[PDB]
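In what follows, a structure is listed as structure tokens, so that the remarks can point back to it.
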Amino acid sequence: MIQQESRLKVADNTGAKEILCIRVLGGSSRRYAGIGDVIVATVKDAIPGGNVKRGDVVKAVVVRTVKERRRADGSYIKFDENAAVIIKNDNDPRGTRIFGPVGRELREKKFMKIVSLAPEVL
Amino acid sequence: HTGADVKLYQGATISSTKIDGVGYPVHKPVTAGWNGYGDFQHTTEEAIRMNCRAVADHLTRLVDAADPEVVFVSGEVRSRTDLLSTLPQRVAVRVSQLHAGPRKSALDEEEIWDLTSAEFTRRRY
Amino acid sequence: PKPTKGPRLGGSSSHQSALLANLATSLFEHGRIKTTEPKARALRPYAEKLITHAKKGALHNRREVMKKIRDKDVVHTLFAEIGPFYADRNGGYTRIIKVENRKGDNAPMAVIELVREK
Amino acid sequence: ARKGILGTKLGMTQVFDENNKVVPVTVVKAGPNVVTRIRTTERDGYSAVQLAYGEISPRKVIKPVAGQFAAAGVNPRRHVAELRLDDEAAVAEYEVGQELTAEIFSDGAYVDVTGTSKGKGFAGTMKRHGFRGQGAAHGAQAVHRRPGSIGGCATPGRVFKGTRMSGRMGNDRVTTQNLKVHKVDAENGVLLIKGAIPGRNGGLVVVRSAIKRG
Amino acid sequence: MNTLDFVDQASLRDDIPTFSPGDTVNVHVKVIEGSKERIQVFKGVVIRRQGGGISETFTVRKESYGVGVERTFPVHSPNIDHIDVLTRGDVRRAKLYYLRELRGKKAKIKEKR
RNA sequence: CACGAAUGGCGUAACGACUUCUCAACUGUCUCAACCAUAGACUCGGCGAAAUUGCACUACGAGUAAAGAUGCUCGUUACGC
RNA sequence: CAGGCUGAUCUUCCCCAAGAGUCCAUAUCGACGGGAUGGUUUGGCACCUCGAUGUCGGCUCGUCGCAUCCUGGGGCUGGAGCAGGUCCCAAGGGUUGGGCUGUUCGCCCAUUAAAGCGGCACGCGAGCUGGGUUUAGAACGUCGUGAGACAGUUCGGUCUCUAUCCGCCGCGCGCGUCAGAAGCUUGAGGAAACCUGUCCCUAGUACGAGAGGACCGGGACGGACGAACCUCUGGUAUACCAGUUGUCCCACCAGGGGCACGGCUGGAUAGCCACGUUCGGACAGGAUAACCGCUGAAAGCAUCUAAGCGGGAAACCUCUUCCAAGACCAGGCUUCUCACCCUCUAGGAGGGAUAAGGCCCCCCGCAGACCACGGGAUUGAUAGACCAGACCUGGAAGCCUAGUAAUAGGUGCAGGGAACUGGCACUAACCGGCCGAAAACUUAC
């Protein structure tokens with residue numbers, strides 16, 4: 001449940017703090033983005049001495065959502081905050097460290113490099 | 001969108017032409033009439049379109065005659081992208097859009113040379 | 001019991017609750033009252049669940065009756081007379097009889113009565 | 001050829017796969033059926049079979065109905081329906097007095113379930129047709145939920161049969177396609193269809209072999 | 001009497017312990033990663049329980065690296081191969097949703113004595 | 001195109017249910033709607049209007065006509081209330 | 001302002017071919033001249049309406065044309081492959097969200113298979129708004145001596161109406177279908193639906209110096225839309241459970257009740273629902289459009305054609321779902337009742353009483369505006385009460401103990417409780433009324 005005009009936190013060490021959602025990729029007139037769904041965002045907050053600068057246009061992936069997500073076995077996963085990780089074209093992280101846990105659905109969507117650096121894959 | 005003026009360069013000689021417009025009231029006033037009866041929306045759009053058609057016909061004649069390599073167009077966002085949509089594919093492929101000021105100010109040779117040098121560099125590269 | 005399906009009976013949700021407690025108080029004092037038919041139909045489940053409390057008469061059941069009918073002369077009659085009387089009957093303590101319509105507004109009226117056949 | 005049986009809907013429940021996945025299922029009491037009549041081409045001009053299901057007391061059967069059951073030597077049943085066969089070759093598979101059970105269906109097969117939808121009453125344009133409404137603020141004038149324009153002025157001047165309006169919805173006949181039967185219970189005569197079937201609990205449904213994927 | 005309870009009977013499971021919301025448990029779950037079956041443990045307070053028979057679920061809450069995680073399972077799910085109840089807590093609610101806005105020393109729950 | 005010095009010119013702390021632009025918090029304004037109650041609407045008993053009104057057992061299409069036809073032409077459709 | 005005639009202007013084409021394209025008019029453009037379609041633009045006329053046809057834009061709801069934006073089928077290419085240009089056939093479905101502007105239009109941002117062009121009083125104000133605009137206020141610039149004016153601007157300013165007729169969406173009553181009824185159906189004729197992407201194998205293959213990179217053929221997973229349903233997840237809950245503030249009352253303590261949005265908070269079974277769960281667009285066949293062909297003369301050659309024979313697409317017909325014999329050609333297969341009296345002057349008709357069957361009254365429903373529909377009616381589990389279970393809340397009252405008190409612990413998975421399930425005739429379905437069955441004749445066998 002992430003759409004246009006929606007703000008997420010960044011779980012990298014790229015220097016970004018808030019991003020605003022712009023578009024949800026995967027088809028025309030798409031509505032929501034869940035865990036493992038790529039988006040297009042813009043940087044709203046940043047650290048003074050970082051790489052990404054305020055006002056950039058970047059791509060990102062969703063790793064945590066407040067909305068519960070149903071799994072194939074009838075179980076559910078829920079967090080307290082929406083978070084995102086900025087990636088590049090090859091679907092690899094731009095940063096080097098990942099903060100906090102991430103969902104297991106990134107394994108299905110072939111985000112093998114993000115899963116390795118994540119402290120916990122719930 | 002009240003006319004145009006054109007300069008053709010073939011080396012030593014420079015030719016100048018002033019295209020005039022046939023639709024005079026190119027400005028749409030806020031007033032329309034009694035309760036909106038009567039309205040200068042369409043009767044001004046048609047005047048602007050007449051001016052654009054005249055300029056496009058003259059420029060197409062010049063392109064067919066002299067065969068230029070580049071046609072720099074200096075105007076504003078409105079009356080530079082609607083004239084580009086009027087020109088045929090023959091000339092619209094060889095159009096470079098400029099960002100210069102009003103026609104009342106007029107331009108000098110040095111200013112035009114400096115405006116076009118940046119494009120000619122890439123063209124020769 | 002089962003909540004009212006449509007709009008409430010007196011005009012609001014709080015006038016119906018006070019209307020049913022007054023109707024049950026007058027049913028246990030005279031034993032037979034004549035009301036409008038939809039008012040008697042909705043009273044049958046309500047009044048019968050108070051006699052059941054009086055059948056298993058304790059201090060706990062008494063204090064749950066006292067929170068509805070509020071009349072101390074009717075609480076005594078429920079536990080002294082109407083409780084022991086129905087000690088050999090498993091439900092169905094009330095009967096409804098349909099009578100002639102009202103002249104003023106043609107409302108269907110009915111009589112609700114306590115069973116005395118045993 | 002094509003298989004079918006008359007049954008009743010019991011409810012929805014939940015079972016787990018052999019791969020630890022969960023599958024929602026609908027429980028259908030595919031009760032026993034008895035063949036009452038066979039529709040031959042010579043008598044009727046088409047090919048079908050007539051099945052009866054249910055249980056009705058002999059006091060509750062109308063006399064003309066009880067004479068049709070007595071003409072086949074079969075006890076009266078509450079419900080009578082028909083299953084249509086595509087040719088005369090499948091007619092030989094049935095005869096009057098047969099006893100159809102739920103075992104005719106095997107696990108993993110695909111079925112079509114036909115039932116009568118729940119009734120929704122007199123419904124407006126949003127509920128019945130999905131008309132997006134109109135703004136709830138910015139100065140609306142009591143048009144928050146009602147349709148709007150219904151045609152073009154003076155040409156034609158009529159309202160074009162088929163215009164979508166308010167009325168009674170629901171309570172129609174619906175056929176769900178390509179449902180997958182999960183498990184058949186022989187000792188209970190109960191099918192476990194994976195999905196949702198039309199109707200309310202205790203209503204009559206018809207479970208027939210799938211026409212597309214079967 | 002749950003008209004369909006004659007169908008749900010076969011799929012029920014034994015050896016589930018008797019736990020209540022407020023109790024701290026760790027749940028052993030099975031995960032598949034390249035057809036290699038292993039087991040993961042989720043430890044946290046049990047905050048609710050929505051009884052329905054075979055369709056009963058419960059919710060466990062944890063804090064991970066400063067981020068809380070809630071995970072909900074069906075009680076009779078074959079994936080849960082083991083549940084260990086570690087502590088019995090003192091609560092006055094049947095659902096502990098009020099813990100969602102509490103962090104740190106404010107989210108500790110008393111235990112039976 | 002077509003400011004200008006008491007029909008004053010340029011600024012100004014405080015003030016304004018005045019006009020314009022932006023930010024934070026907030027939210028059914030929106031994505032995208034869902035449910036509950038009351039007063040009408042609906043049914044029964046009583047009393048009981050109004051504007052309007054050349055007519056009447058007052059269909060549709062393509063045409064014709066004072067140039068946009070329930071009322072004319074040719075067809076199509078249509079059991080009575 | 002709208003409609004009407006015209007088509008100068010506008011729009012869509014076409015005839016001739018100077019040239020551009022290295023050579024080469026016609027792969028792709030095409031000057032000077034010429035011929036037209038359409039009725040979207042600016043105009044010309046003043047034919048209906050001034051005892052009234054409310055103007056632009058936005059919203060909600062649509063329907064039609066093809067001069068086709070995507071998807072489908074082909075010819076040519078200055079088409080190596082991927083990707084393109086132009087032309088021919090094709091209207092089944094689809095055609096995004098934002099920034100600026102009252103703005104239609106337009107530029108830009110992020111995507112997409114694509115972000116098509118037009119008609120319907122430039123569709124739609126007895127359906128909604130009132131941002132622009134010319135009622136009345138005030139101010140700026142220019143004009144005027146002035147009252148004031150302006151195809152230059154700025155801040156403001158009441159949107160009335162109980163649907164008679166046609167039209168459209170749903171639902172009943174009456175009669176008919178040649179005796180009165182009841183089950184199950186055939187279908188002439190109609191309605192709905194039709195969208196599309198990424199990845200993997202063939203294959204890093206054909207093609208290409210290389211970079212790049214396929215057709216045809218299989219498989220996996222999605223985006224938008226639609227339908228059914230409530231097991232899971234979430235939303236709501238005005239007769240459910242618990243805490244608590246103010247005040248009044250039940251004589252008082254204890255325990256509760258009335259009012260304060262259900263006073264406010266924490267939850268919440270059933271019902272309804274989406275944000276939830278399942279399913280769908282198909283496979284196959286027929287006649288074709290552009291296009292490709294076989295045999296072959298008139299015309300000793302050549303030619304898809306004049307005789308004959310074939311391939312060929314999301315368009316058309318069957319195929320999927322739904323309605324359907326008021327389909328007046330008013331259908332079919334069966335099963336029930338299959339018989340009584342009186343009067344007119346007995347020609348025919350009228351009347352009463354019945355059979356099978358139906359309706360009203362009564363008890364109800366997840367069926368419902370009313371009606372209708374479905375179920376039950378003592379040879380009875382239809383509704384309520386009663387008992388038990390599931391489920392919600394969360395540990396009732398009384399008593400005892402510990403603490404000076406606020407409070408805590410035991411008795412005790414306690415007490416309370418509606419919708420779901422199973423038992424039980426305890427209460428109500430009653431010692432009851434109204435409708436409802438046949439002229440025959442001709443020919444054939």
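Chain labels A, B, ... are given in the sequence in which chains occur in the structure tokens; within each chain residues are numbered consecutively from 1, and ligands are likewise numbered from 1 in the order shown.
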Which of range 5-209 of chain D end up as alpha helix (DSSP H) when DSSP is run on this backbone - answer as JSON, numbers by chain?
{"D": [63, 64, 65, 66, 67, 68, 69, 70, 125, 126, 127, 128, 129]}
Keeping N, CA, C and O atoms for every residue in the selection just given, could you write it to a file as a PDB file, in the first residue's frame?
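Printed below is part-v8.pdb as written:
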```
ATOM      1  N   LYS D  63     -50.702 -34.299  -6.066  1.00  0.00           N
ATOM      2  CA  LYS D  63     -51.103 -35.542  -6.721  1.00  0.00           C
ATOM      3  C   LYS D  63     -50.593 -35.678  -8.153  1.00  0.00           C
ATOM      4  O   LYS D  63     -50.134 -36.779  -8.504  1.00  0.00           O
ATOM      5  N   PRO D  64     -50.655 -34.661  -9.022  1.00  0.00           N
ATOM      6  CA  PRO D  64     -50.026 -34.811 -10.345  1.00  0.00           C
ATOM      7  C   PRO D  64     -48.539 -35.104 -10.281  1.00  0.00           C
ATOM      8  O   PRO D  64     -48.024 -35.827 -11.141  1.00  0.00           O
ATOM      9  N   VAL D  65     -47.828 -34.558  -9.292  1.00  0.00           N
ATOM     10  CA  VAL D  65     -46.401 -34.839  -9.165  1.00  0.00           C
ATOM     11  C   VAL D  65     -46.175 -36.277  -8.720  1.00  0.00           C
ATOM     12  O   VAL D  65     -45.290 -36.968  -9.238  1.00  0.00           O
ATOM     13  N   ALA D  66     -46.964 -36.751  -7.753  1.00  0.00           N
ATOM     14  CA  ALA D  66     -46.799 -38.111  -7.257  1.00  0.00           C
ATOM     15  C   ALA D  66     -47.106 -39.156  -8.318  1.00  0.00           C
ATOM     16  O   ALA D  66     -46.667 -40.302  -8.185  1.00  0.00           O
ATOM     17  N   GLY D  67     -47.856 -38.793  -9.360  1.00  0.00           N
ATOM     18  CA  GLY D  67     -48.126 -39.735 -10.429  1.00  0.00           C
ATOM     19  C   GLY D  67     -46.977 -39.885 -11.397  1.00  0.00           C
ATOM     20  O   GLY D  67     -46.828 -40.939 -12.023  1.00  0.00           O
ATOM     21  N   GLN D  68     -46.154 -38.847 -11.539  1.00  0.00           N
ATOM     22  CA  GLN D  68     -44.978 -38.941 -12.393  1.00  0.00           C
ATOM     23  C   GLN D  68     -43.880 -39.772 -11.751  1.00  0.00           C
ATOM     24  O   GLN D  68     -43.173 -40.503 -12.451  1.00  0.00           O
ATOM     25  N   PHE D  69     -43.716 -39.669 -10.431  1.00  0.00           N
ATOM     26  CA  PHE D  69     -42.770 -40.531  -9.736  1.00  0.00           C
ATOM     27  C   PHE D  69     -43.235 -41.980  -9.752  1.00  0.00           C
ATOM     28  O   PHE D  69     -42.428 -42.895  -9.948  1.00  0.00           O
ATOM     29  N   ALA D  70     -44.533 -42.209  -9.545  1.00  0.00           N
ATOM     30  CA  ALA D  70     -45.071 -43.564  -9.568  1.00  0.00           C
ATOM     31  C   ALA D  70     -44.982 -44.202 -10.946  1.00  0.00           C
ATOM     32  O   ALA D  70     -44.982 -45.432 -11.045  1.00  0.00           O
ATOM     33  N   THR D 125     -27.245   3.043  -8.111  1.00  0.00           N
ATOM     34  CA  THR D 125     -26.320   2.920  -9.231  1.00  0.00           C
ATOM     35  C   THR D 125     -24.900   2.573  -8.798  1.00  0.00           C
ATOM     36  O   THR D 125     -24.181   1.913  -9.554  1.00  0.00           O
ATOM     37  N   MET D 126     -24.463   3.005  -7.611  1.00  0.00           N
ATOM     38  CA  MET D 126     -23.131   2.618  -7.152  1.00  0.00           C
ATOM     39  C   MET D 126     -23.061   1.131  -6.841  1.00  0.00           C
ATOM     40  O   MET D 126     -22.124   0.442  -7.260  1.00  0.00           O
ATOM     41  N   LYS D 127     -24.034   0.618  -6.089  1.00  0.00           N
ATOM     42  CA  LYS D 127     -24.018  -0.797  -5.737  1.00  0.00           C
ATOM     43  C   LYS D 127     -24.287  -1.673  -6.952  1.00  0.00           C
ATOM     44  O   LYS D 127     -23.604  -2.681  -7.159  1.00  0.00           O
ATOM     45  N   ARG D 128     -25.273  -1.303  -7.770  1.00  0.00           N
ATOM     46  CA  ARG D 128     -25.693  -2.170  -8.864  1.00  0.00           C
ATOM     47  C   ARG D 128     -24.730  -2.126 -10.041  1.00  0.00           C
ATOM     48  O   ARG D 128     -24.489  -3.154 -10.683  1.00  0.00           O
ATOM     49  N   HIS D 129     -24.171  -0.956 -10.346  1.00  0.00           N
ATOM     50  CA  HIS D 129     -23.401  -0.784 -11.568  1.00  0.00           C
ATOM     51  C   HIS D 129     -22.008  -0.208 -11.368  1.00  0.00           C
ATOM     52  O   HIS D 129     -21.247  -0.148 -12.339  1.00  0.00           O
TER      53      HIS D 129
END
```
Name the residues in contact with range 35-48 of chain B at a cut-off of 8 Å, using only C-alpha atoms (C1' of nucleotides), excluding same-chain residues fewer than 6 positions from it; report them as a PyMOL selection string.
(chain B and resi 1-2+22-29) or (chain G and resi 1+41-42+55-56+133-134)
For residue 61 in chain E, list every protein, DNA or RNA residue within 7 Å, evaluated using only C-alpha atoms (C1' of nucleotides), and leave out those in the same chain fewer than 6 positions away; present the list as a PyMOL selection string.
chain E and resi 44-47+69-71
Output the selection as a PDB file, in the first residue's frame - C-alpha atoms for each residue.
```pdb
ATOM      1  CA  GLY E  44       8.296 -12.464  21.106  1.00  0.00           C
ATOM      2  CA  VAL E  45       5.180 -11.714  23.100  1.00  0.00           C
ATOM      3  CA  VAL E  46       1.835 -13.156  21.998  1.00  0.00           C
ATOM      4  CA  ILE E  47      -0.532 -10.211  21.582  1.00  0.00           C
ATOM      5  CA  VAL E  69       7.895  -6.878  13.614  1.00  0.00           C
ATOM      6  CA  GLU E  70       4.531  -8.616  13.979  1.00  0.00           C
ATOM      7  CA  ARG E  71       4.084 -12.129  12.608  1.00  0.00           C
TER       8      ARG E  71
END
```
All strand (DSSP E or B) residues (DSSP, backbone) inside range 22-207 of chain D, as a short mmCIF file (atom, residue, chain, number, x, y, z; two decimals) with N, CA and C atoms, in the first residue's frame:
```
data_model
loop_
_atom_site.label_atom_id
_atom_site.label_comp_id
_atom_site.auth_asym_id
_atom_site.auth_seq_id
_atom_site.Cartn_x
_atom_site.Cartn_y
_atom_site.Cartn_z
N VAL D 22 -1.95 -23.30 1.98
CA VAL D 22 -3.34 -23.28 2.40
C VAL D 22 -4.21 -23.13 1.16
N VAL D 23 -5.38 -23.77 1.16
CA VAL D 23 -6.33 -23.69 0.07
C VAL D 23 -7.73 -23.49 0.64
N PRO D 24 -8.40 -22.37 0.36
CA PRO D 24 -9.79 -22.24 0.78
C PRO D 24 -10.70 -23.13 -0.05
N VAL D 25 -11.62 -23.81 0.63
CA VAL D 25 -12.50 -24.77 -0.01
C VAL D 25 -13.94 -24.47 0.38
N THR D 26 -14.86 -24.90 -0.48
CA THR D 26 -16.29 -24.83 -0.22
C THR D 26 -16.84 -26.25 -0.14
N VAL D 27 -17.61 -26.53 0.91
CA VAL D 27 -18.10 -27.87 1.18
C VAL D 27 -19.47 -28.03 0.55
N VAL D 28 -19.62 -29.03 -0.32
CA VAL D 28 -20.86 -29.29 -1.02
C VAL D 28 -21.32 -30.70 -0.66
N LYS D 29 -22.57 -30.82 -0.22
CA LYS D 29 -23.17 -32.12 0.09
C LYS D 29 -23.75 -32.68 -1.20
N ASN D 33 -28.50 -39.10 -5.96
CA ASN D 33 -29.49 -38.76 -6.97
C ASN D 33 -30.07 -40.04 -7.56
N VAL D 34 -31.31 -39.94 -8.04
CA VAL D 34 -31.97 -41.05 -8.71
C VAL D 34 -32.51 -40.55 -10.04
N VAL D 35 -32.27 -41.32 -11.10
CA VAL D 35 -32.72 -40.93 -12.43
C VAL D 35 -34.22 -41.15 -12.54
N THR D 36 -34.94 -40.13 -13.00
CA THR D 36 -36.39 -40.17 -13.12
C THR D 36 -36.87 -40.29 -14.56
N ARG D 37 -36.25 -39.58 -15.49
CA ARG D 37 -36.70 -39.57 -16.88
C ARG D 37 -35.49 -39.39 -17.78
N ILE D 38 -35.59 -39.93 -18.99
CA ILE D 38 -34.57 -39.78 -20.02
C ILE D 38 -35.22 -39.14 -21.24
N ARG D 39 -34.63 -38.05 -21.71
CA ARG D 39 -35.18 -37.28 -22.82
C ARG D 39 -34.51 -37.76 -24.11
N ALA D 48 -31.09 -35.52 -23.09
CA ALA D 48 -30.87 -35.06 -21.73
C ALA D 48 -31.27 -36.17 -20.77
N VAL D 49 -31.00 -35.94 -19.48
CA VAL D 49 -31.39 -36.85 -18.42
C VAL D 49 -31.98 -36.02 -17.28
N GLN D 50 -32.92 -36.62 -16.56
CA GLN D 50 -33.66 -35.93 -15.51
C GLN D 50 -33.32 -36.56 -14.16
N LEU D 51 -32.75 -35.76 -13.26
CA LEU D 51 -32.30 -36.22 -11.96
C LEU D 51 -33.14 -35.59 -10.86
N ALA D 52 -33.39 -36.36 -9.80
CA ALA D 52 -34.18 -35.91 -8.66
C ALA D 52 -33.36 -36.03 -7.39
N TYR D 53 -33.44 -35.01 -6.54
CA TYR D 53 -32.67 -34.95 -5.31
C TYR D 53 -33.50 -34.31 -4.21
N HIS D 79 -36.64 -32.08 -5.16
CA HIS D 79 -36.15 -31.29 -6.28
C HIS D 79 -35.99 -32.16 -7.52
N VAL D 80 -36.35 -31.61 -8.67
CA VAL D 80 -36.17 -32.27 -9.96
C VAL D 80 -35.54 -31.26 -10.92
N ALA D 81 -34.48 -31.68 -11.60
CA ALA D 81 -33.79 -30.82 -12.56
C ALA D 81 -33.42 -31.67 -13.77
N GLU D 82 -32.58 -31.11 -14.64
CA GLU D 82 -32.18 -31.79 -15.86
C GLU D 82 -30.70 -31.56 -16.13
N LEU D 83 -30.07 -32.56 -16.74
CA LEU D 83 -28.71 -32.46 -17.25
C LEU D 83 -28.74 -32.76 -18.74
N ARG D 84 -28.18 -31.86 -19.54
CA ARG D 84 -28.26 -31.95 -20.99
C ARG D 84 -27.01 -32.62 -21.54
N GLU D 99 -28.61 -44.78 -9.43
CA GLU D 99 -28.31 -44.19 -8.12
C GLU D 99 -26.98 -43.45 -8.24
N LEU D 100 -27.03 -42.15 -8.50
CA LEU D 100 -25.82 -41.35 -8.67
C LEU D 100 -25.29 -40.90 -7.32
N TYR D 110 -11.95 -30.64 -12.79
CA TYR D 110 -12.48 -29.29 -12.91
C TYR D 110 -13.99 -29.36 -13.11
N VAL D 111 -14.72 -28.51 -12.39
CA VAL D 111 -16.17 -28.58 -12.36
C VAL D 111 -16.76 -27.19 -12.58
N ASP D 112 -18.03 -27.18 -12.97
CA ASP D 112 -18.83 -25.96 -13.08
C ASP D 112 -19.95 -26.02 -12.05
N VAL D 113 -20.09 -24.98 -11.25
CA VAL D 113 -21.08 -24.94 -10.18
C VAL D 113 -22.08 -23.84 -10.50
N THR D 114 -23.35 -24.22 -10.60
CA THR D 114 -24.44 -23.31 -10.94
C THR D 114 -25.35 -23.13 -9.74
N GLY D 115 -25.61 -21.88 -9.37
CA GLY D 115 -26.45 -21.58 -8.23
C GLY D 115 -27.18 -20.27 -8.43
N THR D 116 -27.94 -19.89 -7.41
CA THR D 116 -28.72 -18.66 -7.42
C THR D 116 -28.10 -17.68 -6.44
N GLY D 119 -29.75 -12.29 -2.71
CA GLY D 119 -30.55 -11.14 -3.07
C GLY D 119 -30.06 -9.88 -2.38
N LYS D 120 -30.01 -8.79 -3.15
CA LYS D 120 -29.52 -7.51 -2.65
C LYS D 120 -30.58 -6.42 -2.60
N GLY D 121 -31.81 -6.71 -3.03
CA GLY D 121 -32.88 -5.74 -2.93
C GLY D 121 -32.80 -4.65 -3.98
N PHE D 122 -33.59 -3.60 -3.75
CA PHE D 122 -33.58 -2.42 -4.60
C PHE D 122 -32.29 -1.66 -4.37
N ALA D 123 -31.40 -1.67 -5.36
CA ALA D 123 -30.05 -1.13 -5.21
C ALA D 123 -29.84 0.06 -6.13
N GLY D 167 -32.50 -0.31 -9.58
CA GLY D 167 -33.46 -1.40 -9.67
C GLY D 167 -33.06 -2.53 -8.75
N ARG D 168 -33.67 -3.69 -8.99
CA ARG D 168 -33.43 -4.88 -8.19
C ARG D 168 -32.25 -5.65 -8.77
N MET D 169 -31.22 -5.88 -7.95
CA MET D 169 -30.08 -6.68 -8.35
C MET D 169 -30.04 -7.97 -7.54
N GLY D 170 -29.05 -8.80 -7.84
CA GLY D 170 -28.88 -10.06 -7.14
C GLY D 170 -29.99 -11.04 -7.47
N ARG D 173 -29.13 -16.13 -11.65
CA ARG D 173 -28.50 -17.43 -11.84
C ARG D 173 -27.08 -17.23 -12.36
N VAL D 174 -26.11 -17.82 -11.66
CA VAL D 174 -24.70 -17.63 -11.94
C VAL D 174 -24.04 -18.99 -12.09
N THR D 175 -23.13 -19.11 -13.05
CA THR D 175 -22.36 -20.34 -13.28
C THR D 175 -20.88 -20.00 -13.17
N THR D 176 -20.24 -20.47 -12.11
CA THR D 176 -18.80 -20.31 -11.93
C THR D 176 -18.07 -21.43 -12.67
N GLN D 177 -16.97 -21.08 -13.33
CA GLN D 177 -16.30 -21.98 -14.25
C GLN D 177 -14.90 -22.32 -13.76
N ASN D 178 -14.49 -23.56 -14.04
CA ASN D 178 -13.11 -24.03 -13.86
C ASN D 178 -12.68 -24.05 -12.40
N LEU D 179 -13.61 -24.30 -11.48
CA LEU D 179 -13.22 -24.61 -10.11
C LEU D 179 -12.59 -25.99 -10.05
N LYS D 180 -11.71 -26.18 -9.08
CA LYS D 180 -10.94 -27.41 -8.95
C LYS D 180 -11.36 -28.14 -7.69
N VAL D 181 -11.78 -29.40 -7.84
CA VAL D 181 -12.20 -30.20 -6.70
C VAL D 181 -10.97 -30.72 -5.97
N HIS D 182 -10.92 -30.49 -4.66
CA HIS D 182 -9.73 -30.81 -3.88
C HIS D 182 -9.76 -32.23 -3.33
N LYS D 183 -10.90 -32.65 -2.77
CA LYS D 183 -10.99 -33.95 -2.14
C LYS D 183 -12.44 -34.41 -2.14
N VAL D 184 -12.65 -35.69 -2.41
CA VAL D 184 -13.97 -36.31 -2.40
C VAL D 184 -14.03 -37.27 -1.22
N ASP D 185 -15.09 -37.15 -0.42
CA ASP D 185 -15.27 -37.96 0.78
C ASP D 185 -16.32 -39.03 0.49
N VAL D 190 -19.35 -35.97 0.30
CA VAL D 190 -19.08 -34.54 0.39
C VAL D 190 -17.92 -34.19 -0.52
N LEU D 191 -18.13 -33.22 -1.40
CA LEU D 191 -17.07 -32.68 -2.24
C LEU D 191 -16.48 -31.43 -1.60
N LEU D 192 -15.18 -31.23 -1.80
CA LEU D 192 -14.48 -30.05 -1.31
C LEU D 192 -13.98 -29.27 -2.52
N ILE D 193 -14.78 -28.33 -2.98
CA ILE D 193 -14.45 -27.51 -4.14
C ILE D 193 -13.60 -26.33 -3.68
N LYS D 194 -12.53 -26.05 -4.41
CA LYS D 194 -11.60 -24.98 -4.05
C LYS D 194 -12.08 -23.68 -4.68
N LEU D 204 -29.57 -24.85 -3.21
CA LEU D 204 -29.34 -25.91 -4.18
C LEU D 204 -28.32 -25.45 -5.22
N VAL D 205 -27.34 -26.31 -5.49
CA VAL D 205 -26.34 -26.06 -6.53
C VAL D 205 -26.30 -27.28 -7.44
N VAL D 206 -25.75 -27.07 -8.63
CA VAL D 206 -25.54 -28.14 -9.61
C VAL D 206 -24.06 -28.18 -9.93
N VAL D 207 -23.43 -29.32 -9.67
CA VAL D 207 -22.01 -29.51 -9.94
C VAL D 207 -21.89 -30.33 -11.22
#
```
For residue 22 in chain E, please output as a list in words all residues within 9 Å (counting only C-alpha atoms (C1' of nucleotides); exclusion window: fewer than 4 positions along the same chain).
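Non-adjacent residues within range: residues 45, 46, 47, 48, 87, 88, 89, 90, 91, 93, 94, 95, 96, 109, 110 and 111 of chain E.
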Chain F near chain D within 10 Å: what's each residue's closest atom pair and its distance in Å to one decimal, counting only C-alpha atoms (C1' of nucleotides), ordered by chain then ascending residue number, as CSV?
```
residue,atom,partner,partner_atom,distance
F:28,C1',D:136,CA,9.0
F:29,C1',D:137,CA,6.7
F:30,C1',D:135,CA,9.4
F:32,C1',D:132,CA,9.1
F:33,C1',D:132,CA,9.4
F:60,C1',D:158,CA,9.3
F:68,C1',D:154,CA,7.4
```
Which neighbours of residue 48 in chain A fall inside 10 Å, counting only C-alpha atoms (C1' of nucleotides), when residues of the same chain fewer than 5 positions from it are skipped, and could you give them as an NGL selection string?
:A and (15-16 or 53-54)
List the neighbours of residue 37 in chain C out to 6 Å using only C-alpha atoms (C1' of nucleotides); skip same-chain residues closer than 6 positions along the sequence, and give me the result as JSON, numbers by chain.
{"C": [108, 109, 110]}
May I ask you to extract the residues of chain C within 6 Å of chain G, using only C-alpha atoms (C1' of nucleotides), and to give them as JSON, numbers by chain?
{"C": [1, 2, 3, 13, 60, 90, 91, 92, 95]}
Tell me which protein, DNA and RNA residues are within 8 Å of range 7-13 of chain E, counting only C-alpha atoms (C1' of nucleotides), leaving out same-chain ones fewer than 2 positions away, and put them as an MDAnalysis selection string.
(chainID D and resid 13:16) or (chainID E and resid 4:5 15:16 54 76)
